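Given next, in structure tokens, is a single chain: the form solved without its partner chain.
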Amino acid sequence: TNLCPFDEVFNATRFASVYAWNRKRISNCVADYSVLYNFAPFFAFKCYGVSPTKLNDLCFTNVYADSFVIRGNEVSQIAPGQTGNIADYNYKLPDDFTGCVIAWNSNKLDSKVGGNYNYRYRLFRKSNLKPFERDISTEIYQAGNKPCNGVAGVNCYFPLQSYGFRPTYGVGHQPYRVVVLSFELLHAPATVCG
């Protein structure tokens, strides 16, 4: 009776970074996942624990949507049990994730002659991340044993680095948009399903 809410998570003029990603909660809607095969199921559609076919008719209590922009070769780290700069400091997934990860190419929108310097990721952090958490921090990293007084310099690095994106790059450093859908089941009526 109502159109699916897959119109802002999957269709945005400008996306977000990975260090500060976007979360949307979707519930109490009649959503059809057959449309997911019509916009951009291009690079990857892998998921585990839920069959990608014949299981669209199950009912879950809550649906979560996360969207960000990462590198082309960095989409291999969005999985349970992997390691890397993105997986250990930016976005971590649980060992028994329930949902499908969708990735596709977005070179024509996130590329400029000078480069899109609006996309940033965190390079080093003191400790690894717990699953499903985010950090928006601008504080110097104390790589040495000397207090930094809040000012960068020797052994004092800015913890966020940029993502220069140009159309002339290869298919490895091209910008990609990844939307992670999380299916939750709990002790509550499963209102959202189709």
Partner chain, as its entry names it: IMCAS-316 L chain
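Positions refer to the first chain, counted from 1.
Not pictured, yet referred to below: the form deposited with its partner chain bound.
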Although the partner isn't part of this model, could you tell me whether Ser34 comes within 4.5 Å of its partner chain in the deposited complex, counting any heavy atom of the residue?
no
Is there a heavy atom of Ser27 lying 4.5 Å or less from a heavy atom of its partner chain in the deposited complex?
yes
Does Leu58 make contact with its partner chain in the deposited complex, using a 4.5 Å heavy atom cut-off?
no
Considering only 118-147, what residues come within 4.5 Å of its partner chain in the deposited complex, judged by heavy atoms?
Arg134, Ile136
